[PDB]
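**Student:** Experimental structure below, sequence on top.
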Amino acid sequence: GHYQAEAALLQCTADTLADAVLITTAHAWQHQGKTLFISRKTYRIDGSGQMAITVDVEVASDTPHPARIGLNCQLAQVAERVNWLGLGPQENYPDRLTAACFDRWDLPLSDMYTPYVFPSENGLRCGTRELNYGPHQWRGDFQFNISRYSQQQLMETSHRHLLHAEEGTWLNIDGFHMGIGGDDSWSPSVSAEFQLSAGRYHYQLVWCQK
Amino acid sequence: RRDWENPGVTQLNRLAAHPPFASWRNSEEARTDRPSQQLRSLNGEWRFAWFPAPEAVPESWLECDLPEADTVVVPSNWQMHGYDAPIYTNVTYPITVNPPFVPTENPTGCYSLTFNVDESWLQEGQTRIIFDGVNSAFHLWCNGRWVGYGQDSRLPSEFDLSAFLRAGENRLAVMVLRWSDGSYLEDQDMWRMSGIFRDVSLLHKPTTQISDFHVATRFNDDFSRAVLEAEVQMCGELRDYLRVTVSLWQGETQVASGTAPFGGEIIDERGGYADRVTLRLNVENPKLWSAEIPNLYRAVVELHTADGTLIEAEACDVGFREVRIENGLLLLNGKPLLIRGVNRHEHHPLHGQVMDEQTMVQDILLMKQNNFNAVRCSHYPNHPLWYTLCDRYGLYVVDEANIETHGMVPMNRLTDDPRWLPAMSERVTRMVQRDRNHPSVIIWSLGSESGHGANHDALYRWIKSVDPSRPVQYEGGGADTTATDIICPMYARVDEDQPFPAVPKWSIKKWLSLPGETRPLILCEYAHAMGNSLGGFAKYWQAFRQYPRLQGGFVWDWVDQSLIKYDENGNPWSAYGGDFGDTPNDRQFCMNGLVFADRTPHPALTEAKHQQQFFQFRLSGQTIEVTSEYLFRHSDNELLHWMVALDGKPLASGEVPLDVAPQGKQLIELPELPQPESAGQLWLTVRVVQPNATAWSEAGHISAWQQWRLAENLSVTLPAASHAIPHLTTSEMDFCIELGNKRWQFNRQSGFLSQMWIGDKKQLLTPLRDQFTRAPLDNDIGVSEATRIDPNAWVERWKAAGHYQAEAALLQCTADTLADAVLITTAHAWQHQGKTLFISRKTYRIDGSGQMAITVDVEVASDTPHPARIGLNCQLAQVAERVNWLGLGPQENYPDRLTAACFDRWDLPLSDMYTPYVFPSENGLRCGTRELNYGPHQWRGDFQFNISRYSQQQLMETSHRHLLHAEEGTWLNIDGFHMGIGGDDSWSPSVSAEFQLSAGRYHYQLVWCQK
Ligand SMILES: OC[C@@H]1[C@H](O)[C@H](O)[C@@H](O)c2nnnn21
Ligand SMILES: [Mg+2]
Ligand SMILES: [Mg+2]
Ligand code: NA
Ligand code: NA
């Protein structure tokens, strides 16, 4: 029920600090009264205007390990370039990132999308410490992709040529991402060390407008 | 003549070696293995006097006793009585390297004994004396006259005394030299002792006698039919009326018998052996011998006259088993063995190297109960009873020649020298000549750590030629030379290659498939069990299991070679190298055991027991699939015991008998498990139990166990909104958080929780601070010393980068008041010579319910040696009697050594949370702990911890356990992450990459409350 699971709100508080406001949330994702994922966050916005996101996810031991643990959102902005400090320049995933080098990379947006004839998840870059898009900047230690196509659209489209640019830009930021397999394409082939099975996962982001 | 400095003379007038004799004069006695009148022990009180060299022995000592001499027990090592210091040395010879010479100052032991000999023993027949072991060489006198000389301190020297003894009163004089040319061949890694340390006896044989006998068993294709073959040899005057009968009994039934006159078959142009006979008996459906079922038969060899009159009878146990290598596998009775072995030195903490029945029985039961099935005699032939015991209890033995020349440069200097061939050959040939009849001996070994030389090649072939029933192995000169049937490396890693020039240690999985290689691989020494070790043990056993030609190994080693010393109060403490004045020495390197000298198990032993299980399990749906790794036995004394528990609390249990064929499967369906309501993780635990006592275990003995995570219901129900709200008190010095009676002090200048209060009772003695180090284990130290630094060992990389000299520099301390809690945010940087090693960013969150939530986020500089741990520590004032925890236990367990541990609720006395490693190090950690309870305190999270009355600093600074003092209060280390412990070897880094803390950024969270 990973595709069907809906967030239930457990907690949502606000506090005023000396130099910041702190928002504290907690969600459960459930399916048939089974809890799959719990997501405990904090958001810390201070006088500098930086948003310090902290995410703490729990994953039921008996659910099949997730494909990723991350945040997504559709940005209004449509910028021409993408600029990041991390593994690149090409698409790279956890079990396929030896070819990529760590450096400051600047590409056009269309280079962040891989035109696989059969549409799927694509264009992830790993080991990213800084991501720049238009006015936005995310800092931390994550994996991300950024394209004009939602995961939903990719999932529902059987051919690349039938895909259409969505209004705004879809950003996928992941603390963690499952490996991609390949040993074959007819049985589970993602090796154990690239499966998201730790049970509890942590990642922290900082979102500013520089 | 100085025979002890001449390797061409290894004995004078010594009698031919042969298997165990008893010279029974009664068939039944021989059959039932009763004591024999013709075998008298001379063990007991002797007269001994020490000397500094032989030239200092007064010539009167041959003739009559020395008044200065003391009365001491024999056997013994005279080092254990205090006459000189036992020397511990590993590689470097205890003497100057100058072959064949020894030091002029040669500690000489003078043994004498006045004793009776009966009239009937001299009127006719032969009377010999037997010294089962004498270290390292000796001359023998009897009633003043000289008898002979003998070397090789691990095989029995025998001399014919017939013409020396007189009726009634007799006197032996045995001058024993500590050092001889033999000592060049005796460079094993152990204490270097001496004296008459094995049995002494008198054997009376008739003039016409059985002088030797060999037993062999050949089989058909399926082992339903067998021929036993006994060659019997004699000394004395041959006679046309002489006869031999070889009779095979199983228990009390006689299964087969053969009688024949002497006169062998024609062997060449000159005829045959007139003084020999071979008896061939058929045996249908023989009960086959194995470590699984040691079915023994009994062979009686009767020398007697045609008319019926018995002259004498000898006997041995016979196990029907075949040992061969075929298509690259070591088979026993057609089945490919999996060796769960161990090396075992002959060692006792009090008696030195003197062996006894009780200790050997002890060792075997311990080994067997811990799922061992094979032993290697490192590095010498054992006390003779040891083989009788392995024959009967069932252990596969590797019999090793008493040859080791580790100290030489190069290692094969003597073993490649033809002038050393003679000395070496006697050390091999006499081993085979003594031990070839024991079913437990499955493999002969040519010795240890003596490089590779043509002498090895010659002897290897010798064995193959004389005894083709057993494979031959030898490690030296690369572990895969032309002198070994089995690739038997020492400390070869599972995945990692170690490509040393000339003599590389390849990864065992790669080693097998090198171009042209076809033999089986069984490690002669692996998983160095020195102190807190055996990390990475699971990797070997997974590898053994997957690879058919990886057939196991022998762990190093069984028992710590620590000796007993006493302080001023007569209190006993365990001692190692250098503790006797002995120098140069290799300090703690003698204690590599899975057990302490007194046979107390190290935490490492249980890891072995688990990994070496004979039953393998998988879980699919709710089906348990039990797989038997037994080769011959059915699971005829086992029943499976499962239970399902939610965070410690038992929900359901069952009991199903086991009925698996060797190599077979059994499917077991768990009933519908009643799905519980409340949050937490369900855990299934199976364990295999033996309902009945056996020769080796008590009733109810657990032989195997495993766990799986079943369902988990994550926790989704908010904690009920607090009644009260904590109060902050600001101060230029402190932040003080109060709530009810409870108080929390955060020193604003250090940045740590300095003190906690319950009413007016102090909790903390030292404040709660991060810790990124541990007290170096042996595998952390390696071979690094004060005078010889090895910059590559873990302890030294940590030292040089300042991990131990690092001081916390406060970056940030702030307090904030929330709706229902107080929030402290702290930040620290640890530095050294201006290099930031670690950054620690924490938050403490104290709510109305009186629960404190710590959030730790550590950074580690990529270029600093990966830290030994990432955690928190403090000294609690409280000292309680118990420790209660929800996590892996019950015994000590580390990340790369936690497979044997089970998740459950564990209650133990505080004392059991400390492990008395003789050299103290970081110890007692338990992993995957979700809840810890100490007195009033409770910590929750997902962490590792250890808890004791010794600080990390004390354990670090103290050399022996007996010098540790309990400190005020209780020290607690709570690790978010802990480095592995290594142990593939103990002389280079051995912590596998996946167990080093290299992530860079680490996260853990705690909840601290007083329940
Ligand atoms: O416990 C030290 C061990 C032990 O002496 C072994 O017999 C030998 O293979 C060795 N080589 N280097 N260190 N060792
Ligand atoms: Mg000699
Ligand atoms: Mg050695
Ligand atoms: Na194997
Ligand atoms: Na050793």
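**Tutor:** Done, it's in. Residues are numbered from 1 along each chain as shown, chains lettered A, B, ... in the order given. Ligands and ions are numbered 1, 2, ... in the order given.

**Student:** in stretch A:162-181, what's buried?
**Tutor:** By 16 or more other C-beta atoms under 10 Å in any protein chain shown, the buried positions in stretch A:162-181 come out as A:163, A:169-181. No exception for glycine: its C-beta is placed from N, CA and C like everyone else's.

**Student:** what helix or strand is the residue most central in space within chain A on?
**Tutor:** Against the mean C-alpha coordinate of chain A, by C-alpha atoms, centre = their mean, the closest residue is residue A:173 at 2.5 Å. Under the criterion of DSSP states H and E, residue A:173 resides in strand A:169-177.

**Student:** Describe which strands that strand pairs with in its sheet and in which direction.
**Tutor:** strand A:68-75 (antiparallel), strand A:136-147 (antiparallel) (DSSP bridges).

**Student:** buried sites along the last one?
**Tutor:** So that's strand A:136-147. Those would be A:136-140, A:142-147, for strand A:136-147 by 16+ other C-beta under 10 Å.

**Student:** And for the shortest one?
**Tutor:** If you call a residue buried by 16+ other C-beta under 10 Å, then strand A:68-75 has these buried ones: A:68-71.

**Student:** Of all the residues in chain A, which one is nearest ligand 3?
**Tutor:** Residue nearest to ligand 3 within chain A: residue A:193 (37.9 Å; C-beta to the ion).

**Student:** those helices in chain A, which residues are they?
**Tutor:** For chain A, helices defined by DSSP state H occupy the ranges A:151-156.

**Student:** that older thread, separation between the residue nearest to the centre of chain A and chain B?
**Tutor:** 16 Å (C-beta to the nearest C-beta, to the nearest Å).

**Student:** With adjacent residues omitted, what lies nearest to that residue?
**Tutor:** residue A:144 (4.7 Å; C-beta to C-beta, 6 or more residues apart in numbering or on different chains).

**Student:** pretty sure the one you found contacts residue A:124?
**Tutor:** Yes. Under the criterion of C-beta atoms under 8 Å, residue A:144 makes contact with residue A:124 at 6.9 Å.

**Student:** Overlap in contacts, these two.
**Tutor:** Residues touching both residue A:144 and residue A:124 (C-beta atoms under 8 Å, 6 or more residues apart in numbering or on different chains) are A:172, A:174.

**Student:** which residues sit against the strand holding residue A:173?
**Tutor:** For strand A:169-177, contacts defined as C-beta under 8 Å, 6+ apart pick out A:55, A:57, A:67-75, A:77-79, A:93-94, A:109, A:124, A:126, A:131, A:133, A:138, A:142-151, A:196, A:201-203, A:205.

**Student:** just the buried residues of stretch A:162-181 now: which is nearest ligand 5?
**Tutor:** So of the buried residues of stretch A:162-181, ranked by how close each gets to ligand 5 (C-beta to the ion), first place is residue A:179, at 42.7 Å.

**Student:** residues in contact with the residue nearest to that closest one when sequence neighbours are not counted?
**Tutor:** Spatially, and ignoring its direct neighbours in sequence, residue A:179 is nearest to residue A:194 (2.8 Å; C-beta to C-beta, 6+ apart). Contacts for residue A:194 (C-beta under 8 Å, 6+ apart) come out as A:94-95, A:178-179.

**Student:** how does it look with 10 Å?
**Tutor:** If you count contacts by C-beta atoms under 10 Å, 6 or more residues apart in numbering or on different chains, residue A:194 has them with A:65, A:93-96, A:177-181.

**Student:** Which of these fall in strands?
**Tutor:** Taking DSSP state E as the definition of strands, the contacts of residue A:194 contribute residue A:177.

**Student:** For the contacts of residue A:194, which two are the farthest from each other?
**Tutor:** A:65 and A:96 (18.1 Å; C-beta to C-beta).

**Student:** Ligand 4 versus residue A:166, what's the distance?
**Tutor:** Distance, residue A:166 to ligand 4, by C-beta to the ion, to the nearest Å: 56 Å.

**Student:** Residue A:209 too?
**Tutor:** 61 Å.

**Student:** Tell me, how many residues neighbour the closest residue to that residue other than its chain neighbours?
**Tutor:** Leaving aside its chain neighbours, residue A:209 sits nearest to residue A:135 (5.1 Å; criterion: C-beta to C-beta, 6+ apart). Here the number of neighbours of residue A:135 (other C-beta atoms under 10 Å in any protein chain shown) works out to 11.
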